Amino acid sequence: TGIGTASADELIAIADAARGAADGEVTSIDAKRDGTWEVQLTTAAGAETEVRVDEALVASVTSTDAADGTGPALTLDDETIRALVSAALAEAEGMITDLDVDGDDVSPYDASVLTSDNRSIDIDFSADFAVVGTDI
């Protein structure tokens, strides 16, 4: 696959994560075929640790808004996200920038696709994942 990197910033991030998991200075950084990284750390004494480094996601709360005084009928669970994404991309090719269920009740779902022409397409879908409206 796309094993390795041309990014020194990325190798440094991998070395820094590894140094966070054990003692010693970095003596080796090696890409595994599964696209994880192994880093060797070695103490002054000569003691060795091998550390696995993986992609992870970190979540932090940004804002909070209390119960206005309704809840969501529909939600973006995994199944619904997979359905919207295939529907959004069938309609227009590009990168999904936005999904929501906010929507407008006859069109409960929205997606935005960013296309190579750096042009942004807002799509409105029915409960049945049918395209009901676009905005280009």
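In this text, residue numbers run from 1 along the sequence as written.
Taking the PDB entry as given, 101-109 carries the higher mean Cα B factor of the two stretches 101-109 and 80-88.
Here 110-118 and 6-14 are compared by their mean Cα B-factor, and 110-118 comes out higher. Comparing C-alpha B-factors across 96, 44, 26, 53 in the deposited entry, the largest value falls on 44.
When the CA B factors of the chain's modelled residues are split into thirds, the value for residue 31 lands in the middle one. When all modelled residues of the chain are sorted by CA temperature factor, residue 62 is found within the middle third. Residue 75: CA B factor lies in the middle third for its chain, per the PDB record.
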